[PDB]
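These notes concern the structure reproduced below.
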RNA sequence: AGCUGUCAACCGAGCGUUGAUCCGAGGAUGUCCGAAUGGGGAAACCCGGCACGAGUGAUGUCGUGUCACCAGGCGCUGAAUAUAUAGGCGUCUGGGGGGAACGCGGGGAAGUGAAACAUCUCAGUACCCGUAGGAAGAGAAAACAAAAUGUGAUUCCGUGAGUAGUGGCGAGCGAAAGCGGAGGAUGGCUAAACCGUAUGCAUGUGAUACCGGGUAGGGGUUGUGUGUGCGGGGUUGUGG
RNA sequence: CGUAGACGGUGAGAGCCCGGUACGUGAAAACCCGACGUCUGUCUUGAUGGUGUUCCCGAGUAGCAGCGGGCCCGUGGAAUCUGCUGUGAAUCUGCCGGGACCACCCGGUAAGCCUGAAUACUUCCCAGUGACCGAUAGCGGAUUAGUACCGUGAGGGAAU
RNA sequence: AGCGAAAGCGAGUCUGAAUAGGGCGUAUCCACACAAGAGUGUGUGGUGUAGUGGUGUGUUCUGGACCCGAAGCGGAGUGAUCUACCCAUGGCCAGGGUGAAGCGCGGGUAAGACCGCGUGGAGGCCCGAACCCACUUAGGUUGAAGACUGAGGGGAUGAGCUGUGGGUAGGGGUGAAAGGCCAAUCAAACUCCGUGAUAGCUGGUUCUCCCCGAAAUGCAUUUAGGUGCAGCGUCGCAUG
RNA sequence: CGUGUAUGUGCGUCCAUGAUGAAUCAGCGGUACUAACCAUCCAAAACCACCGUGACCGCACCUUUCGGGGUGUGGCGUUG
RNA sequence: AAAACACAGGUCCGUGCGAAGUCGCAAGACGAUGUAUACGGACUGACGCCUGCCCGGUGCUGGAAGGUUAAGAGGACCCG
RNA sequence: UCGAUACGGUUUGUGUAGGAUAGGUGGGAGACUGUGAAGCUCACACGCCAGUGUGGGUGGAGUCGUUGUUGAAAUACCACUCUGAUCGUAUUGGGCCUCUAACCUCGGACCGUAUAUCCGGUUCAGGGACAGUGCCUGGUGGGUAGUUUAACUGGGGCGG
RNA sequence: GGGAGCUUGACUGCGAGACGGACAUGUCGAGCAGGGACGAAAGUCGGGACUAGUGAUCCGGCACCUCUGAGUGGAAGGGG
Ligand SMILES: [Mg+2]
Ligand SMILES: [Mg+2]
Ligand SMILES: [Mg+2]
Ligand SMILES: [Mg+2]
Ligand SMILES: [Mg+2]
Ligand SMILES: [Mg+2]
Ligand SMILES: [Mg+2]
Ligand SMILES: [Mg+2]
Ligand SMILES: [Mg+2]
Ligand SMILES: [Mg+2]
Ligand SMILES: [Mg+2]
Ligand SMILES: [Mg+2]
Ligand SMILES: [Mg+2]
Ligand SMILES: [Mg+2]
Ligand SMILES: [Mg+2]
Ligand SMILES: [Mg+2]
Ligand SMILES: [Mg+2]
Ligand SMILES: [Mg+2]
Ligand SMILES: [Mg+2]
Ligand SMILES: [Mg+2]
Ligand SMILES: [Mg+2]
Ligand SMILES: [Mg+2]
Ligand SMILES: [Mg+2]
Ligand SMILES: [Mg+2]
Ligand SMILES: [Mg+2]
Ligand SMILES: [Mg+2]
Ligand SMILES: [Mg+2]
Ligand SMILES: [Mg+2]
Ligand SMILES: [Mg+2]
Ligand SMILES: [Mg+2]
Ligand SMILES: [Mg+2]
Ligand SMILES: [Mg+2]
Ligand SMILES: [Mg+2]
Ligand SMILES: [Mg+2]
Ligand SMILES: [Mg+2]
Ligand SMILES: [Mg+2]
Ligand SMILES: [Mg+2]
Ligand SMILES: [Mg+2]
Ligand SMILES: [Mg+2]
Ligand SMILES: [Mg+2]
Ligand SMILES: [Mg+2]
Ligand SMILES: [Mg+2]
Ligand SMILES: [Mg+2]
Ligand SMILES: [Mg+2]
Ligand SMILES: [Mg+2]
Ligand SMILES: [Mg+2]
Ligand SMILES: [Mg+2]
Ligand SMILES: [Mg+2]
Ligand SMILES: [Mg+2]
Ligand SMILES: [Mg+2]
Ligand SMILES: [Mg+2]
Ligand SMILES: [Mg+2]
Ligand SMILES: [Mg+2]
Ligand SMILES: [Mg+2]
Ligand SMILES: [Mg+2]
Ligand SMILES: [Mg+2]
Ligand SMILES: [Mg+2]
Ligand SMILES: [Mg+2]
Ligand SMILES: [Mg+2]
Ligand SMILES: [Mg+2]
Ligand SMILES: [Mg+2]
Ligand SMILES: [Mg+2]
Ligand SMILES: [Mg+2]
Ligand SMILES: [Mg+2]
Ligand SMILES: [Mg+2]
Ligand SMILES: [Mg+2]
Ligand SMILES: [Mg+2]
Ligand SMILES: [Mg+2]
Ligand SMILES: [Mg+2]
Ligand SMILES: [Mg+2]
Ligand SMILES: [Mg+2]
Ligand SMILES: [Mg+2]
Ligand SMILES: [Mg+2]
Ligand SMILES: [Mg+2]
Ligand SMILES: [Mg+2]
Ligand SMILES: [Mg+2]
Ligand SMILES: [Mg+2]
Ligand SMILES: [Mg+2]
Ligand SMILES: [Mg+2]
Ligand SMILES: [Mg+2]
Ligand SMILES: [Mg+2]
Ligand SMILES: [Mg+2]
Ligand SMILES: [Mg+2]
Ligand SMILES: [Mg+2]
Ligand SMILES: [Mg+2]
Ligand SMILES: [Mg+2]
Ligand SMILES: [Mg+2]
Ligand SMILES: [Mg+2]
Ligand SMILES: [Mg+2]
Ligand SMILES: [Mg+2]
Ligand SMILES: [Mg+2]
Ligand SMILES: [Mg+2]
Ligand SMILES: [Mg+2]
Ligand SMILES: [Mg+2]
Ligand SMILES: [Mg+2]
Ligand SMILES: [Mg+2]
Ligand SMILES: [Zn+2]
């Protein structure tokens with residue numbers, strides 16, 4: 119669960135650095151949540167993964 | 197976000213009023229249910245909420261009320277206005293559910309919802325008289341003979 | 001004017017001024033496997049459907065087509081379930097695999113060096129992944145510069161310069177501005193505001209409505225509001 | 001003889017023996033180039049500089065913060081660029097940059113898109129060249145060469 | 001053109017309160033003066049100052065860097081046809097003993113217990129071939145064989161042996177556990193690549209003659225068989 | 001295992017023959033998924049009484065009289 | 001080839017159920033088409049008689065009146 | 001339920017020179033009755049209980065001032081007000097019991113679907129703003145990984 | 001070496017010339033000037049009869065200064 123189904127926002131890769139400056143590779147993952155949204159006004163619901171940015175911007179209608 | 201109410205909500209506000217609220221309503225309770233709306237343009241959203249208050253409060257129905265409305269719409273031929281040339285009598289567009297709910301308000305009179313008119317199974321787009329079914333409850337059903345005139 | 005590729009000759013036959021062998025161009029045929037795609041499979045071998053012919057006294061048998069999966073257009077239908085959708089049927093058009101290097105975007109070591117080692121180095125290297133093109137990427141200022149009435153998109157090359165810096169200030173790493181050049185296209189087009197239109201969704205005041213106006217008459221771009229598409233109109237920094 | 005004395009071959013060092021060389025000539029068809037027309041599109045129911053305000057100028061963006069990446073710059077006083085997360089504006093007496101920051105000045109006009117040339121490379125084809133090798137050399141491979149052979153396999157791999 | 005951390009000043013400059021000493025700088029030499037013999041200074045004249053760019057040689061820096069050599073580290077792959085364990089579906093186990101429960105009869109018992117007799121055919125039962133192992137010993141020990149052979153030896157209806165097909169993969173698998181086994185290799189398989197890994201360690205480094213000619217000590221050292229600097233060799237220049 | 005041909009019995013589509021099980025008209029008796037209804041399990045909001053306070057204090061009050069502390073009832077009040 | 005491993009028997013601990021445990025980044029799988037008389041882990045090792053003391057140390061489990069402690073909220077006061 | 005804010009109305013000040021339980025005030029010759037105050041009845045307010053402001057039940061038609069002492073006068077009135085015992089509104093936190101609508105269920109049914117213990121959907125039944133998951137954050141952490149763990153020395157170690 | 005008086009030279013700017021030295025360290029020093037102490041003056045005084053009582057560089061703190069200040073003025077930061 120680290121790709122948005124709407125905008126394709128995937129993880130990023132960086133380093134976690136300790137106090138001894140001991141860097142290791144890790145991921146910044148997107149905040150994608152399991153949304154269950156409607157494409158029609160009527161209200162038939164299909165389950166997708168949407169990052170919270172897309173939920174906030176109202177790109178998915180969870181009617 | 198900030199919305200405009202179309203209905204009354206207890207401990208929130210009155211219908212037609214512009215109310216600021218958390219995004220829980222504008223995502224999970226109010227916006228799906230239609231008892232509010234996104235407030236876009238002031239006159240626009242005010243008119244939309246007030247107007248929808250008028251239609252919703254009139255498209256309400258009950259079971260005996262539904263039987264009464266079926267008796268009301270057991271009337272005659274319902275005339276409609278959609279473009280179609282007499283060259284082949286072929287209707288280019290798809291005669292929308294609004295075009296039939298308004299059509300029966302013009303012909304007979306009773307008001308109703310586009311939800312209840314079974315448009316997909318009419319086999320539209322031939323010129324002449326055609327039958328369309330309408331359903332309000334589990335059992336009640338009304339048959340409407342709808343036609344068009346030449347253009 | 002000789003030819004029947006060659007090792008690689010011997011036999012046996014033939015062709016050639018009526019232009020062969022040979023060379024260049026365009027075509028035809030092109031078994032089976034292979035992305036391999038009718039189904040299956042231990043690659044090159046096993047088993048079919050349908051259509052049109054062939055052949056048999058009939059089955060058997062043969063020939064040629066066609067039949068994968070996905071993605072997108074268009075048409076038909078619309079489960080649970082009413083709106084409907086998911087799906088299903090048909091008809092098209094593409095995709096798939098390969099490739100030495102060069103490109104771009106990602107993931108990313110260790111040996112080693114530091115006379116040990118962990119920051120650091122090695123090195124964003126090796127390798128991996130996704131994708132190209134004949135090149136790519138970049139590209140038309142929300143830039144530099146420094147008080148000069150200065151440059152003017154990008155890319156690349158030389159310097160600046162092993163400098164300023166940076167660094168367990170260790171081993172090490174290391175610019176840019178400016179300046180000289182190759183090239184030229186200091187190249188183009190939209191969005192928005194307004195105007196017109198068409199359509200969709202909530203609506204009629206169902207009536208004095210919109211229309212550039214005066215006159216007269218009819219009396220609905222539904223009056224309206226909004227969203228979308230299309231067309232004008234705009235395309236900027238002394239702001240336009 | 002020479003606009004040909006490049007280079008090979010021929011029974012040993014050949015300009016005049018052969019193929020050629022200098023120099024000219026040649027394409028039916030296919031393909032790559034230009035050029036002239038059909039064709040395609042646009043511009044002209046129309047131009048120009050003035051005089052004074054309202055609207056517009058790319059929004060879940062900029063900026064801000066947390067944790068990172070990258071810049072000469074290893075977190076440093078650390079700007080510029082950038083990812084994930086949270087918060088989150090204005091439309092020009094705006095907003096961004098000029099190495100924390102502030103004021104003034106100057107430069108520019110982000111969150112829309114296209115774009116040739118100068119630059120990198122060679123699987124393959126053509127033509128050449130070498131104070132390059134000359135059969136333990138040069139390609140692993142002048143000859144059965146990725147062959148024989150070795151390995152279950154990735155793979156290794158001759159000699160003549 | 002230098003001095004200064006720098007602003008800066010400039011044959012000067014820095015420090016400093018100092019025409020008061022010192023630092024660095026004013027090519028170099030000559031003379032004549034003026035001051036002290038505390039090592040010479042100061043000043044007036046004179047002379048006037050040498051760099052740079054090709055290229056040969058020596059040494060050096062960055063590169064595999066004079067050549068050869070590890071055990072091992074990393075990336076991506078290949079292997080369960082040997083072996084370890086498991087999964088499906090099959091086959092095999094000469095011959096002979098023993099004699100469990102259960103059942104039946106009798107005795108004995110208030111009734112039991114139990115015993116004797118029979119039928120009965122149990123069992124990780126017994127002896128022992130095929131088959132599977134591998135305890136002892138002798139031979140082999142440039143073998144017949146990269147683990148055998150001879151003579152004996154344990155199991156041999158079972159936690160048995162075995163065929164065919166299949167599954168588990170490398171910091172992983174599997175293990176009735178020995179760090180065993182995972183293709184004659186296992187305290188981390190093999191192949192290719194990083195890669196010409198790195199080795200203060202060992203080895204090797206190819207023609208001649210002429211002149212000169214050491215050291216094996218001091219100091220410091222994550223140092224003690226390594227290195228830096230001194231000492232000690234050679235060549236060039238200066239002095240003599 | 002298929003296949004074709006010719007003949008034989010020979011059931012049959014049609015006739016016809018049987019078997020046939022019904023329904024409507026209307027007289028009805030319960031069998032009904034449909035209120036209201038009853039029994040069952042649980043507690044909606046709820047008092048009483050016994051017994052304590054989670055802490056404060058008025059306490060039968062005790063310990064070198066009072067050092068510290070504390071067995072035990074009560075009211076404010078409830079871990080109740 | 002053993003005295004070592006295994007073993008039938010013993011106890012302790014975990015697990016209320018796509019359990020716990022394990023393989024996976026996840027999905028999913030085994031556990032198990034099992035359900036505490038079951039499953040996993042640890043030690044012991046047929047049978048018979050038994051298994052003393054120590055809870056200070058270190059783990060495990062449980063508890064909370066206090067002391068201490070991150071990010072996050074706060075922004076008094078100070079500086080440009 | 002408690003806390004922080006802004007706003008409204010009661011309400012407060014032991015003092016001695018005294019007709020003073022002397023809030024800091026700007027305006028102060030004139031404000032308070034029968035919309036029933038005086039003086040009686042109680043509570044609200046405190047009480048260092050020395051004494052005073054509100055109501056109606058009674059009550060009858062007034063009390064007051066630079067009055068004079070009193071630093072500061074009315075304690076007769078409008079507008080500003082710290083100390084306090086207070087309620088309410090607007091706003092925002094901490095907690096609590098909840099609700100369902102996000103989200104969740106390997107609980108049932110039905111459908112795509114001839115075939116299906118996948119998957120998706122629809123719907124009933126349950127949880128429920130918790131859990132899970134992003135981001136930030138403190139713990140535990142040989143489960144794993146990379147590494148370090150001096151030299152001299154009559155061999156090395158142990159000692160020094 | 002013992003005793004008393006006064007007092008801070010347990011100074012600031014420097015330093016001819018040297019000892020010792022792989023280097024880095026280290027050690028002595030007359031004399032000049034400022035401003036002082038003691039002494040009538042001569043003069044002595046840059047800690048202690050002498051030789052131990054110490055730790056390079058990096059990095060950072062603090063006080064002072066007339067240095068710098070990334071367009072400019074400040075600041076931050078750097079510098080002495
Ligand atoms: Mg996905
Ligand atoms: Mg990175
Ligand atoms: Mg590293
Ligand atoms: Mg939000
Ligand atoms: Mg030909
Ligand atoms: Mg051809
Ligand atoms: Mg095929
Ligand atoms: Mg296939
Ligand atoms: Mg399709
Ligand atoms: Mg339908
Ligand atoms: Mg491709
Ligand atoms: Mg490393
Ligand atoms: Mg090293
Ligand atoms: Mg080394
Ligand atoms: Mg090019
Ligand atoms: Mg391009
Ligand atoms: Mg450069
Ligand atoms: Mg680097
Ligand atoms: Mg337009
Ligand atoms: Mg347009
Ligand atoms: Mg301008
Ligand atoms: Mg020649
Ligand atoms: Mg813009
Ligand atoms: Mg960085
Ligand atoms: Mg930075
Ligand atoms: Mg582009
Ligand atoms: Mg060779
Ligand atoms: Mg030879
Ligand atoms: Mg070879
Ligand atoms: Mg082979
Ligand atoms: Mg200098
Ligand atoms: Mg000094
Ligand atoms: Mg001087
Ligand atoms: Mg010269
Ligand atoms: Mg030279
Ligand atoms: Mg390896
Ligand atoms: Mg394999
Ligand atoms: Mg028996
Ligand atoms: Mg018996
Ligand atoms: Mg046995
Ligand atoms: Mg035995
Ligand atoms: Mg036996
Ligand atoms: Mg025997
Ligand atoms: Mg035997
Ligand atoms: Mg064995
Ligand atoms: Mg033995
Ligand atoms: Mg022998
Ligand atoms: Mg023999
Ligand atoms: Mg033997
Ligand atoms: Mg034997
Ligand atoms: Mg078997
Ligand atoms: Mg297999
Ligand atoms: Mg193992
Ligand atoms: Mg092998
Ligand atoms: Mg082996
Ligand atoms: Mg390994
Ligand atoms: Mg290893
Ligand atoms: Mg390397
Ligand atoms: Mg080497
Ligand atoms: Mg000699
Ligand atoms: Mg030396
Ligand atoms: Mg020398
Ligand atoms: Mg044994
Ligand atoms: Mg043995
Ligand atoms: Mg053992
Ligand atoms: Mg047990
Ligand atoms: Mg235990
Ligand atoms: Mg689990
Ligand atoms: Mg238990
Ligand atoms: Mg034991
Ligand atoms: Mg025991
Ligand atoms: Mg015990
Ligand atoms: Mg004990
Ligand atoms: Mg204990
Ligand atoms: Mg304990
Ligand atoms: Mg304890
Ligand atoms: Mg605990
Ligand atoms: Mg904060
Ligand atoms: Mg949550
Ligand atoms: Mg969380
Ligand atoms: Mg650990
Ligand atoms: Mg370890
Ligand atoms: Mg290492
Ligand atoms: Mg050592
Ligand atoms: Mg030693
Ligand atoms: Mg010794
Ligand atoms: Mg000895
Ligand atoms: Mg003395
Ligand atoms: Mg001192
Ligand atoms: Mg000196
Ligand atoms: Mg003096
Ligand atoms: Mg002196
Ligand atoms: Mg250092
Ligand atoms: Mg600046
Ligand atoms: Mg400045
Ligand atoms: Mg400063
Ligand atoms: Zn998204």
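Chains as they are written, first to last, in our numbering: chain A, 119 to 181; chain B, 197 to 347.
For every residue, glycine included, the Cβ atom is placed at its ideal position computed from N, Cα and C.
With a threshold of 16 other CB atoms inside 10 Å of the CB of residue i, please say whether the residue is buried or exposed.
i, result
"residue 329 (chain B)", "exposed"
"residue 212 (chain B)", "buried"
"residue 247 (chain B)", "exposed"
"residue 279 (chain B)", "exposed"
Check whether the Cβ of residue i lies closer than 9 Å to any Cβ atom in chain A.
i, result
"residue 247 (chain B)", "no"
"residue 315 (chain B)", "no"
How far does the beta strand (DSSP E) with residue i in it reach, from first residue to last?
i, result
"residue 132 (chain A)", "130-134"
"residue 216 (chain B)", "214-216"
In angstroms, rounded to a whole number, what distance separates the CA positions of residue i and residue j?
i, j, result
"residue 316 (chain B)", "residue 159 (chain A)", "17 Å"
"residue 340 (chain B)", "residue 272 (chain B)", "8 Å"
"residue 314 (chain B)", "residue 293 (chain B)", "8 Å"
"residue 290 (chain B)", "residue 129 (chain A)", "45 Å"
"residue 125 (chain A)", "residue 153 (chain A)", "14 Å"
"residue 243 (chain B)", "residue 232 (chain B)", "13 Å"
"residue 258 (chain B)", "residue 131 (chain A)", "60 Å"
"residue 216 (chain B)", "residue 210 (chain B)", "13 Å"
When you compare the CB of residue i with every CB in chain B, is at least one pair closer than 9 Å?
i, result
"residue 175 (chain A)", "no"
"residue 180 (chain A)", "yes"
"residue 132 (chain A)", "no"
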